[PDB]
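Source file: start.cif (mmCIF, C-alpha atoms)
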```cif
data_entry
#
loop_
_atom_site.label_atom_id
_atom_site.label_comp_id
_atom_site.auth_asym_id
_atom_site.auth_seq_id
_atom_site.Cartn_x
_atom_site.Cartn_y
_atom_site.Cartn_z
CA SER A 3 0.00 0.00 0.00
CA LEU A 4 0.91 3.67 0.26
CA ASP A 5 2.83 3.08 3.49
CA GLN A 6 5.37 0.95 1.66
CA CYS A 7 7.98 3.73 1.79
CA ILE A 8 7.54 3.94 5.54
CA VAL A 9 7.86 0.18 5.98
CA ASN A 10 10.97 0.29 3.77
CA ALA A 11 12.47 3.08 5.85
CA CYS A 12 11.75 1.05 9.01
CA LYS A 13 13.41 -2.07 7.58
CA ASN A 14 16.42 -0.02 6.50
CA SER A 15 16.71 1.77 9.81
CA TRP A 16 16.50 -1.42 11.88
CA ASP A 17 20.13 -2.31 11.16
CA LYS A 18 21.50 1.25 11.31
CA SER A 19 23.00 3.06 14.32
CA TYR A 20 21.84 6.69 14.46
CA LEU A 21 24.19 7.20 17.42
CA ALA A 22 27.51 5.60 16.51
CA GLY A 23 27.99 2.22 18.18
CA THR A 24 24.37 1.96 19.35
CA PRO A 25 22.20 -0.34 17.22
CA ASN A 26 18.85 1.31 16.45
CA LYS A 27 17.08 -1.88 17.58
CA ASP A 28 18.42 -0.95 21.03
CA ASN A 29 17.48 2.76 20.89
CA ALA A 30 13.87 3.86 20.33
CA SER A 31 14.70 7.48 19.56
CA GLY A 32 17.59 6.54 17.28
CA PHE A 33 15.39 4.20 15.28
CA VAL A 34 12.82 6.92 14.72
CA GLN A 35 15.52 9.48 13.87
CA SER A 36 16.88 7.16 11.17
CA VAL A 37 13.41 6.53 9.71
CA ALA A 38 12.67 10.24 9.55
CA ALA A 39 16.06 10.98 8.04
CA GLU A 40 15.44 8.47 5.25
CA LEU A 41 12.01 10.01 4.62
CA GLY A 42 13.31 13.59 4.68
CA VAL A 43 11.14 14.52 7.67
CA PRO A 44 12.67 16.99 10.15
CA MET A 45 12.68 15.70 13.72
CA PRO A 46 13.40 17.25 17.14
CA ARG A 47 16.80 16.15 18.43
CA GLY A 48 17.36 14.01 21.48
CA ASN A 49 16.12 10.99 23.32
CA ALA A 50 12.55 9.67 23.36
CA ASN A 51 11.28 12.15 25.97
CA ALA A 52 12.87 15.02 24.03
CA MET A 53 11.37 13.83 20.77
CA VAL A 54 7.91 13.58 22.33
CA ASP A 55 8.30 17.08 23.77
CA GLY A 56 9.18 18.46 20.33
CA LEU A 57 6.41 16.61 18.51
CA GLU A 58 3.88 17.76 21.10
CA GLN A 59 4.95 21.32 20.35
CA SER A 60 5.00 21.04 16.54
CA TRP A 61 2.95 18.19 15.02
CA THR A 62 -0.74 17.55 14.62
CA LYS A 63 -2.02 15.02 17.15
CA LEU A 64 -4.45 12.39 15.87
CA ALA A 65 -7.54 11.39 17.84
CA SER A 66 -7.00 7.62 18.05
CA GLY A 67 -4.87 4.61 17.13
CA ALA A 68 -7.36 3.79 14.37
CA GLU A 69 -6.76 7.22 12.84
CA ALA A 70 -3.01 6.67 13.19
CA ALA A 71 -3.22 3.46 11.17
CA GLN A 72 -5.38 5.23 8.56
CA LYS A 73 -2.91 8.09 8.10
CA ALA A 74 -0.02 5.63 7.84
CA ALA A 75 -2.06 3.82 5.17
CA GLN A 76 -2.18 7.14 3.30
CA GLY A 77 1.64 7.48 3.22
CA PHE A 78 2.09 9.72 6.29
CA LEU A 79 4.76 9.29 8.94
CA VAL A 80 2.95 8.73 12.24
CA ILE A 81 4.83 8.50 15.53
CA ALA A 82 3.29 6.97 18.66
CA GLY A 83 4.95 8.45 21.74
CA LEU A 84 4.73 8.73 25.49
CA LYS A 85 7.11 10.34 27.98
CA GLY A 86 8.37 8.41 30.99
CA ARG A 87 9.78 9.23 34.42
CA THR A 88 13.06 7.60 33.39
CA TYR A 89 12.70 6.73 29.69
CA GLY A 90 10.09 7.62 27.13
CA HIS A 91 9.29 5.54 24.07
CA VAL A 92 8.56 6.33 20.42
CA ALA A 93 7.42 4.03 17.61
CA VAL A 94 6.50 4.28 13.93
CA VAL A 95 2.88 3.37 13.25
CA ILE A 96 2.20 1.29 10.14
CA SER A 97 -0.98 0.24 8.38
CA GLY A 98 -2.42 -3.06 9.51
CA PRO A 99 -5.13 -4.66 11.64
CA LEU A 100 -5.74 -3.19 15.10
CA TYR A 101 -4.87 -5.36 18.11
CA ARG A 102 -7.97 -5.72 20.34
CA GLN A 103 -9.63 -3.45 17.74
CA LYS A 104 -7.74 -0.47 19.22
CA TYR A 105 -3.97 -0.60 18.92
CA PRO A 106 -2.10 -0.17 15.62
CA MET A 107 0.94 -2.16 14.49
CA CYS A 108 4.33 -0.52 14.77
CA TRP A 109 8.08 -0.61 14.32
CA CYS A 110 10.41 0.40 17.16
CA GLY A 111 13.70 -0.22 18.85
CA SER A 112 14.24 -0.06 22.61
CA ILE A 113 16.83 0.21 25.35
CA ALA A 114 14.64 -2.33 27.20
CA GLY A 115 15.32 -5.11 24.69
CA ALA A 116 12.81 -7.52 23.14
CA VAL A 117 9.75 -6.31 25.06
CA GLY A 118 10.17 -2.86 23.50
CA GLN A 119 11.15 -3.99 20.00
CA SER A 120 8.87 -4.48 17.01
CA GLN A 121 9.57 -5.29 13.38
CA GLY A 122 6.00 -4.56 12.35
CA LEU A 123 4.62 -7.59 14.20
CA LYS A 124 3.86 -6.13 17.62
CA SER A 125 1.14 -3.57 18.19
CA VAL A 126 1.61 -0.48 20.33
CA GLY A 127 -0.79 -2.20 22.75
CA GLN A 128 1.77 -4.94 23.39
CA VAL A 129 4.90 -2.77 23.33
CA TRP A 130 3.41 -0.50 25.98
CA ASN A 131 2.00 -1.69 29.31
CA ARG A 132 -1.77 -1.72 29.83
CA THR A 133 -1.45 1.37 32.04
CA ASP A 134 0.27 3.26 29.21
CA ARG A 135 -1.25 2.01 25.95
CA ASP A 136 -4.41 4.11 26.25
CA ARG A 137 -2.34 7.20 27.11
CA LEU A 138 -0.27 7.29 23.91
CA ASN A 139 0.00 10.33 21.69
CA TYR A 140 -0.13 9.84 17.92
CA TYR A 141 1.66 12.57 15.96
CA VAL A 142 1.31 12.91 12.18
CA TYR A 143 3.60 14.86 9.86
CA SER A 144 2.12 17.74 7.85
CA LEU A 145 2.53 16.10 4.42
CA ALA A 146 2.64 12.54 3.10
CA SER A 147 6.21 11.28 2.78
CA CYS A 148 5.53 8.39 0.42
CA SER A 149 5.24 8.75 -3.34
CA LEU A 150 2.99 7.95 -6.25
CA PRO A 151 2.97 4.30 -7.26
CA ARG A 152 5.58 3.38 -9.86
CA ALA A 153 4.60 4.86 -13.20
CA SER A 154 5.80 1.78 -15.07
#
```

Any chance you could give the structure as structure tokens?
Amino acid sequence: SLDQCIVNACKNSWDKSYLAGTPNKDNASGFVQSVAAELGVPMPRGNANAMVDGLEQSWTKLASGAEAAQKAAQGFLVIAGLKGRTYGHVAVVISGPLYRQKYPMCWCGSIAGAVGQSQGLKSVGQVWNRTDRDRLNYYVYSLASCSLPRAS
């Protein structure tokens, strides 16, 4: 679908290290920074809490996880994010079926390891704890990053 460029950027960014020596799979903010860089989307600098702070200040916030999945399906970069006392978390929302009819699928790395990692096969409602997953913010960029289908 129209989110193919976002999925491709996620796949490409998985193996990169936005901060030298730190695999993006082990760094939520770094993973998102690499995805945005590939897509040509400007991003606030810093760790996950800093990124959420910047997005809160500058990006449109969507109303729900369903809407997040819809915008991703239109070729928009959508970031799910939530600040933490110690560490925040950020993830790229992709098109796909909603877990428990609520929570969209995502890609993300994490300092926490496997529980915080997703290669498109965990939903935000499994990456985040039950006490967090209904408190997420979904931020959408102001234009669609993906392109027209191949002309030929």

Item to check | 8 Å contact set for residue 62 (chain A), all atoms listed in the file, chain neighbours under 6 positions out, as number ranges by chain | outcome: A: 141-144

Please, could you write that set of residues out with C-alpha atoms as an mmCIF file, in the frame of the given file?
```cif
data_model
loop_
_atom_site.group_PDB
_atom_site.id
_atom_site.type_symbol
_atom_site.label_atom_id
_atom_site.label_comp_id
_atom_site.auth_asym_id
_atom_site.auth_seq_id
_atom_site.Cartn_x
_atom_site.Cartn_y
_atom_site.Cartn_z
ATOM 1 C CA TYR A 141 1.660 12.570 15.960
ATOM 2 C CA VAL A 142 1.310 12.910 12.180
ATOM 3 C CA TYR A 143 3.600 14.860 9.860
ATOM 4 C CA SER A 144 2.120 17.740 7.850
#
```

Item to check | Selection dump of the PyMOL selection byres ((chain A and resi 49) around 9), as an MDAnalysis selection string | outcome: chainID A and resid 29:32 47:48 50:54 89:91

Item to check | Result set, the PyMOL selection byres ((chain A and resi 120-125) around 6) on current file, as a PyMOL selection string | outcome: chain A and resi 105-110+119+126-128

Saved selection, atoms kept: C-alpha atoms, as a PDB file, keeping the file's coordinate frame:
```
ATOM      1  CA  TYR A 105      -3.970  -0.600  18.920  1.00  0.00           C
ATOM      2  CA  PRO A 106      -2.100  -0.170  15.620  1.00  0.00           C
ATOM      3  CA  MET A 107       0.940  -2.160  14.490  1.00  0.00           C
ATOM      4  CA  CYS A 108       4.330  -0.520  14.770  1.00  0.00           C
ATOM      5  CA  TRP A 109       8.080  -0.610  14.320  1.00  0.00           C
ATOM      6  CA  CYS A 110      10.410   0.400  17.160  1.00  0.00           C
ATOM      7  CA  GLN A 119      11.150  -3.990  20.000  1.00  0.00           C
ATOM      8  CA  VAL A 126       1.610  -0.480  20.330  1.00  0.00           C
ATOM      9  CA  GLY A 127      -0.790  -2.200  22.750  1.00  0.00           C
ATOM     10  CA  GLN A 128       1.770  -4.940  23.390  1.00  0.00           C
TER      11      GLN A 128
END
```

Residues near region 9-16 of chain A, anyone? I mean within 7 Å using only C-alpha atoms, not counting same-chain ones fewer than 3 positions away, as a PDB file with C-alpha atoms, in the frame of the given file.
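Contents of around.pdb, as written:
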```pdb
ATOM      1  CA  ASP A   5       2.830   3.080   3.490  1.00  0.00           C
ATOM      2  CA  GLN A   6       5.370   0.950   1.660  1.00  0.00           C
ATOM      3  CA  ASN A  26      18.850   1.310  16.450  1.00  0.00           C
ATOM      4  CA  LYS A  27      17.080  -1.880  17.580  1.00  0.00           C
ATOM      5  CA  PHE A  33      15.390   4.200  15.280  1.00  0.00           C
ATOM      6  CA  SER A  36      16.880   7.160  11.170  1.00  0.00           C
ATOM      7  CA  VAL A  37      13.410   6.530   9.710  1.00  0.00           C
ATOM      8  CA  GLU A  40      15.440   8.470   5.250  1.00  0.00           C
ATOM      9  CA  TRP A 109       8.080  -0.610  14.320  1.00  0.00           C
TER      10      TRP A 109
END
```

Next on the checklist: Give me, as an MDAnalysis selection string, all polymer residues having an atom no more than 8 Å from residue 56 (chain A), counting all atoms listed in the file and skipping those fewer than 4 positions away in the same chain.
Outcome noted: chainID A and resid 45:46 52 60
